[PDB]
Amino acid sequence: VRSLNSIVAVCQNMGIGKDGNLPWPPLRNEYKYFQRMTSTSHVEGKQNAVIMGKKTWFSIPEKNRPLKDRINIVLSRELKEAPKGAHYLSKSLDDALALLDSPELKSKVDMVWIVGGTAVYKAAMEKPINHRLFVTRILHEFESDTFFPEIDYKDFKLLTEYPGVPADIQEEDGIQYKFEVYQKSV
């Protein structure tokens, strides 16, 4: 695989979750952004792949699984088989990466998106591969029990602009946030 993409929503303390869910009530526009970003492939007849941890998979309402129009891969050191609705189960990021290169897959897959949690983000960030990180910074603090790993500001350069990513601070339900994109070049 030539490059990875990661997408995350973070609040002020770099928190990404609480009690198995998100720290904030629903933001419509943030959500649509996530969907649009992870679903949109730039090649006819291909689909994007989403990789996520076990807890993240289970955080999705059951009736809503797997994320439509994407190949869902779940990572677990404990499961024997893919949880019901998931396309593939992998024992590590490496395995997942490998699988994707598999012939069966390689042809069917456009983009690879890492959708968390912590450990998954971390692993992906450490691979010495081209990587783009799409961060939504919510400019408020909510109680969180799960956090985003530390990003190496020497590797990941924040782009000042990116195609299709609004630049201004957004607002919704009295909350402000901004979209940011960082890029690591290998």
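Start at 1 with the first residue shown and count on from there.
Q: Looking only at CA atoms, which has the higher mean B factor in the entry: 172-180 or 21-29?
A: 21-29 has the higher mean C-alpha B-factor.
Q: Per the entry, where is the mean C-alpha temperature factor higher: 135-143 or 49-57?
A: Stretch with the higher mean C-alpha B-factor: 135-143.
Q: So if I compare the CA B-factors in the entry for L100, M111, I73, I114, which one is the largest?
A: That would be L100, according to the entry.
Q: Please place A123 in the lowest, middle or highest third of its chain according to the CA B-factor in the PDB entry.
A: According to the entry, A123 has a C-alpha B-factor in the chain's lowest third.
Q: Please place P166 in the lowest, middle or highest third of its chain according to the CA B-factor in the PDB entry.
A: As the PDB entry reports it, the C-alpha B-factor of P166 lands in the middle third of its chain.
Q: Could you place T38 in the lowest, middle or highest third of its chain by Cα temperature factor, using the values in the record?
A: CA B-factor rank for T38: lowest third.
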